[PDB]
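A single chain, nothing else alongside it, follows as structure tokens in the form deposited in one PDB entry.
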């Protein structure tokens, strides 16, 4: 029993897609037509039954009901896949991406407090918080320190929860989220705490599909970065805290060579005093290099729905 490649189904696909329809958006029709064709065929090829089909439909409802589509997306490799395509294009244009890009993740929040050169991003509400001095230099496309660059950083606390997405509703707005404008020396410096890794909500749809694939839904500890500056393309990346069990086994496949950074521990009272800290602290250094706009155009910025508070 095969009917996909019969005139009836083929003409039906054009109808359902609004192809012969006058109004509408041709780009959407084009994509829908292709998607539907593939799904109708996959249904026949894999002999998907109605029982299976409807199970799939129910999954989509609960996926959206839990607002987890942006979480399952990276878990199924789409996010990394899109970065791969962007790298391939940059390679085509002859652009050398000094600091490699990686996925943004679905937890960015716009509207964080902004300051120049330095900033403390945690509010101390975290008990297990281990002080972390993260700092580096921002280089323009010519390798020269770039003053006035906007560095945006966001990460989870020791429980693996981000502010605005903390189920305990324990965090104040923008905790561990800050924008730092680079100083006269193109430097940024922040005092925060070592983030903990985290996984998908165990009861959530993303995690349960993952179970069906025999995969886990964990991410190693990391720190997200957005770096933008005049005449430069917006850099999206993150750094992985070296030593994490899932550094090279992140369910979001975001890890890359050059993004893994070692956290140096300092117990020496001489260090603890230079860096106005109360006691032992970890230190991480990470410089990032930006690329120029391609003819006054940032050909890789992504306009995507992002929570703004």
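Residue numbers count along the first chain shown, from 1.
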Report summary line: The stretch whose C-alpha atoms carry the larger average B-factor in the entry, 294-302 or 281-289, is 281-289
Query raised in the report: On average, are the C-alpha B-factors higher in 91-99 or in 171-179?
Result: 91-99
Report summary line: Among 64, 70, 26, 269, highest Cα B-factor in the entry goes to 269
Query raised in the report: Of the options 104, 142, 83, 152, which has the highest CA B factor as deposited?
Result: 142
Query raised in the report: Relative to the other modelled residues in the chain, which third contains the C-alpha temperature factor of residue 224: lowest, middle or highest?
Result: lowest
Query raised in the report: In terms of the CA temperature factor given in the entry, to which third of its chain does residue 230 belong: lowest, middle or highest?
Result: middle
Query raised in the report: Which third, lowest, middle or highest, does the CA B-factor of residue 263 fall in along this chain?
Result: highest
Report task. Select lowest, middle or highest to describe the third in which the CA B-factor of residue 157 falls within its chain in this entry. Result -> middle
Report summary line: residue 241: CA temperature factor from the record, placed by chain third, in the middle
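As for the form deposited with a small molecule bound, it is not shown, yet the points below apply to it.
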Query raised in the report: How about residue 162: is it within 4.5 Å of the small molecule in the deposited bound form, going by heavy atoms?
Result: yes
Query raised in the report: residue 106: heavy atom within 4.5 Å of the small molecule in the deposited bound form?
Result: yes
Query - Contact of residue 251 with the small molecule in the deposited bound form (heavy atom, 4.5 Å) - result: yes
Requested in this report: Find out whether any non-hydrogen atom of residue 74 is located within 4.5 angstroms of the small molecule in the deposited bound form, and reply yes or no.
Outcome: yes
Query - Contact stretch among 109-117, 180-188, 136-144, 220-228 - heavy atom within 4.5 Å of the small molecule in the deposited bound form - result: 220-228
